[PDB]
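Only one chain is included here, represented as structure tokens and corresponding to the form deposited in one PDB entry.
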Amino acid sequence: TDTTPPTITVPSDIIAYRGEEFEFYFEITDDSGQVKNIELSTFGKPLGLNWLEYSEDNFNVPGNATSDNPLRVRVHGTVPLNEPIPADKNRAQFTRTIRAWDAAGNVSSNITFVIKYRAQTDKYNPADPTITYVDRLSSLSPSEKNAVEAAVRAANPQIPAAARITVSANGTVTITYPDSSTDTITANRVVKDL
């Protein structure tokens, strides 16, 4: 008879960026070849992450969780755009647990997984724009600022369309991401004297 609970592999680097959908997988195996169900919790208490969701496809089917072909549970969600980020980044995370059980009811211990979350600028790192030549490096014209923004945008299709690119009087570029975090492109990467 089966007296051995399932075993769970969790991803080691779940990193989510505010306002951007993430996904990851748990992999569950049981010696019977069948996993019945799982539970996500805060060490047995309610999960408390209403923006997280996981698929229950293929739960409780014979052969759904063998060593060769484990049960792969897709988890996805979006950390809130305005989720506060602690000053200490080791605390900018949610530590949670998962347990699973087989058809005989053998339940695993609580296995820890950690969802780290970060500002969008930690994902983003703008690429170099083509240089814009300007008449005065300390006082860009409106047309030159338009050109600078266009060039930053053209070089960075991977940055959210919803990010706003602004240009200062000296050609310094600010990129403000939807979560209000920012990147800066120094003027020497952006403009040169005509």
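We call the rigid core whatever largest set of C-alpha positions still superposes within 1.5 Å between the two forms. Residue numbers run from 1 along the displayed sequence.
Mean CA B-factor, 150-158 versus 33-41: the higher value falls on 150-158. As the entry records it, the average C-alpha temperature factor is higher for 127-135, out of 127-135 and 47-55. Ranked by Cα temperature factor within the chain, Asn82 sits in the highest third according to the deposited record. For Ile15, the recorded CA B-factor ranks within the lowest third of the chain. Only modelled residues enter the ranking.
When all modelled residues of the chain are sorted by CA temperature factor, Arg91 is found within the highest third. When the modelled residues of the chain are ordered by their C-alpha B factor, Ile175 lands in the lowest third. Among all modelled residues in its chain, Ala104 ranks in the highest third by Cα B-factor.
We do not show the form deposited in another entry, though everything after this point is about it.
Core superposition between the shown form and the other one leaves every listed residue (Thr66, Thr42, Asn58, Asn146) with a C-alpha shift below 2 angstroms except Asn146. Taking the rigid core as fixed, one finds a CA shift for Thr132 of 2 Å or more between the shown form and the other one. After superposition on the rigid core, the Cα atom of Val167 is displaced by 2 Å or more between the shown form and the other one. Shown in the overlay between the shown form and the other one, fitted on the rigid core, is a CA shift at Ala187 of 2 Å or greater.
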